[PDB]
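Peer 1: Got a structure for you, questions after.
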Amino acid sequence: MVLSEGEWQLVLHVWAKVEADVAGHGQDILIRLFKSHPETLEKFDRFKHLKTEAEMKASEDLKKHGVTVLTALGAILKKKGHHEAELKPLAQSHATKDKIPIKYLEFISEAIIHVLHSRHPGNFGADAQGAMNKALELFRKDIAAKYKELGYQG
Ligand code: HEM
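Numbering (the UniProt record's numbering), first residue to last: 1 to 154.
Here is the structure:
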């Protein structure tokens with residue numbers, strides 16, 4: 001009732017390429033986020049001490065968090081819009097535990113698209129970029145609704 005079947009299949013086709021190397025893609029995506037929007041780094045008490053790109057690449061903890069982030073997102077994408085159960089705990093941990101504005105989810109969405117385009121251009125042309133953009137838009141709209149339900153405006 002938001003993406004068409006064909007759009008979902010484009011999303012899952014490129015996501016399969018991510019799955020070939022989750023740790024690498026995860027690392028790349030978090031570094032791209034922090035490099036482009038340094039203010040996001042302040043939300044992470046465990047990585048705030050990291051001062052250069054090399055130190056980031058070498059950090060076991062950052063790489064582990066990358067896998068955690070992408071595992072969770074992939075589980076959501078594979079639901080093709082039917083992600084209520086999976087989305088609710090994610091909203092709670094980003095709305096009460098830690099307070100992550102919708103703006104910053106926008107920033108990490110841009111980082112994901114940047115990295116997919118950098119690594120898989122042959123499989124991420126305009127139609128695929130559009131489909132992925134839509135799926136990340138849907139993720140953001142629905143987590144924003146859950147944010148509000150919990151008392152956080154986002
Ligand atoms: C595609 C978007 C994202 C996904 C799928 C995601 C997912 C997760 C997951 C699975 C965890 C671990 C436990 C939990 O659920 O809290 C986590 C933790 C966290 N996330 Fe996110 N996250 C996303 C975006 C962000 C953004 C944009 C920020 C901050 C700029 C952020 C900040 C954090 C923080 C501060 C923690 C706690 C880590 C710790 O200290 O152990 N997340 N995230």
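Using N, Cα and C, we set each Cβ at its ideal position, and we do this for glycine too.
Following a CB-centred definition, is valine 18 positioned closer than 7 Å to any heavy atom of the ligand HEM?
Peer 2: no
Peer 1: Quick one: any contact between the segment 115-128 and the segment 64-71, if contact means 3 or more CB pairs under 8 Å?
Peer 2: no
Peer 1: Are there 16 or more other CB atoms within 10 angstroms of the CB of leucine 136, so buried, or fewer, so exposed?
Peer 2: buried
Peer 1: What I want to know is whether the C-beta of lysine 134 ends up closer than 7 Å to one or more non-hydrogen atoms of the ligand HEM.
Peer 2: Within 7 Å of the C-beta of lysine 134 there is not a single heavy atom belonging to the ligand HEM.
Peer 1: Taking the alpha-carbon positions, what's the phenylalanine 47 to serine 59 distance?
Peer 2: 9 Å
Peer 1: Taking the straight line between their C-alpha atoms, what separation do you get for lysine 99 and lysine 148?
Peer 2: 12 Å
Peer 1: If distances are taken between C-alpha atoms only, which option among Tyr152, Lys141, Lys134 and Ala111 comes closest to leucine 30?
Peer 2: Comparing Cα positions, the closest option is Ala111.
Peer 1: Which two residues bound the contiguous alpha helix (DSSP H) that contains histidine 114?
Peer 2: 102-119
Peer 1: In terms of alpha-carbon separation, which member of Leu12, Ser4, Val18 and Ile143 lies closest to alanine 85?
Peer 2: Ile143
Peer 1: Which residue marks the beginning of the alpha helix (DSSP H) containing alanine 75, and which one marks its end?
Peer 2: 60-77
Peer 1: With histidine 49 as the anchor, note down where its alpha helix (DSSP H) starts and where it stops.
Peer 2: No alpha helix (DSSP H) holds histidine 49; DSSP gives it neither H nor E.
Peer 1: Regarding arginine 119 and the ligand HEM, is the C-beta to nearest heavy atom distance less than 7 Å?
Peer 2: no
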